[PDB]
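First up is the structure itself, then whatever we jot down about it.
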Amino acid sequence: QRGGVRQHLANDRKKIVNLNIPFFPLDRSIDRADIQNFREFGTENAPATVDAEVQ
Amino acid sequence: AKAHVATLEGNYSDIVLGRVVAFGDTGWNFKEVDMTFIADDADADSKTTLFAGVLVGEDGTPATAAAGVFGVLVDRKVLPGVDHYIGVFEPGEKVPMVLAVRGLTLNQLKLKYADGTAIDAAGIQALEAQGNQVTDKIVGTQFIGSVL
């Protein structure tokens, strides 16, 4: 009613949490014996190159 | 022939001359309770006998003794000149009413019991115990006497 007591807003909640993180490696190496004296697979007579293997 | 005419005299401030206004909840001075608006056993158009300034106990019923007084009825629905709530309520129906309790500068002359009897010293003590100042002097007015 007009004149009487009013209302209020008095609620809330919060939380907080902490977590870790995993780790994922991956690695490879290339030697001389892998590339020298070989062709590139899909080019017949063209010699092998390091860049193609790296890519 | 007759000329149906009426007068709209009356006011609200005369029952509450002043208030302590809290910077927080402005409703700190009031309370709402469910009183009976229309007489319980009367007809469907028996307008309420309640009038602004009647002492009301905490139970909500109009006060009849000094010990049963808790506040003053100042509801907007009963103020003079706006009492159009005629036949809008069933007999004996309840309705929330605003009561003035604490922090008020009331007018002694307009405080009356359920039957209209004026407030007494015990009622004054009981009502002031809440923190109310019951003034005993309002100037009044003389409108036209042809002398003063």
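Please treat every number below as a calculation from the coordinates, not as lab data. With ideal geometry, Cβ positions are generated from the backbone for all residues, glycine too; neighbour counts draw on all protein chains shown.
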field: All-pairs Cα distance distribution in segment B:9-148, expressed in whole percent, bin size 10 Å
entry: 11, 39, 33, 14, 3, 0
query: Length gain on complete extension for the stretch B:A121 to B:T105, per 0.36 nm per residue less the alpha carbon to alpha carbon distance?
result: 4.1 nm
query: Taking other Cβ within 10 Å of each residue's Cβ, how do A:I30, B:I144, A:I35 sort, fewest first?
result: B:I144, A:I30, A:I35
- line: For the protein assembly as shown, shape from the Cα gyration tensor axes a ≥ b ≥ c, cut at a/c of 1.5 then a/b versus b/c, turns out prolate
query: trypsin sites (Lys or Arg not before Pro), restricted to segment B:81-128: which are DSSP loop and have at most 16 other Cβ atoms within 10 Å?
result: B:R102
field: Rounded to the nearest 20 debye, dipole of chain A from Cβ charges on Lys, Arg, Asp, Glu
entry: 1280
- request: Set the Förster distance to 41 Å, then compute FRET efficiency between A:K14 and B:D25 from the Cβ-Cβ distance, nearest 0.05.
  value: 0.95
statement: Of the residues A:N18, A:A46, A:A33, the Cα lying farthest along the dipole of chain A towards its positive end, which is defined by charges on the beta carbon of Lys, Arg, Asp and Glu, belongs to A:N18
field: Ranked B:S146, B:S46, criterion: other C-beta atoms within 10 Å, fewest first
entry: B:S146, B:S46
task: Over the whole of B:70-82, what's the average partner chain Cβ count within 10 Å per residue? Rounded to a whole number, please.
output: 1
- prompt: Quick one: what does P(r) look like for segment B:41-85 with 5 Å bins over all Cα pairs, in whole %?
  reply: 5, 22, 24, 19, 19, 9, 1
query: Taking only the alpha-carbon atoms of chain A, what semi-axes of the equivalent ellipsoid follow from 5 times the gyration tensor eigenvalues under a square root, in whole Å, largest first?
result: 75, 17, 5
- prompt: Computed FRET efficiency, Cβ-Cβ of A:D27 and A:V54, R0 22 Å: what is it to the nearest 0.05?
  reply: 0.95
- line: Whole-Å distance linking the alpha carbon centroid of segment B:7-59 with that of segment A:30-51 is 102
- prompt: Semi-axes of the equivalent ellipsoid of segment B:82-148: what are they in whole Å, largest first, if each equals the square root of 5 times a C-alpha gyration tensor eigenvalue?
  reply: 28, 23, 12
- prompt: How big is the charge dipole of chain B about its Cα centre, in debye rounded to the nearest 20, if each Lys and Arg gets +1 on its Cβ and each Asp and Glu gets -1 on its Cβ?
  reply: 620
- prompt: Between B:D14 and B:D43, what FRET efficiency follows from the Cβ-Cβ distance if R0 is 35 Å, with the result rounded to 0.05?
  reply: 0.65
message: Strictly over 24 Å apart at the Cα level, which of B:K2/B:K112; B:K47/B:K110; B:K94/B:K137; B:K47/B:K137; B:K77/B:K112 would you flag in this model?
response: B:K2/B:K112; B:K94/B:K137; B:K47/B:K137
statement: When B:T7, B:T36, B:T61 are arranged by how many other beta-carbons sit within 10 Å of their Cβ, fewest first, they go B:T7, B:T61, B:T36
field: Relative contact order %, segment B:19-106, counting alpha carbon pairs below 8 Å whose residues are six or more apart
entry: 43
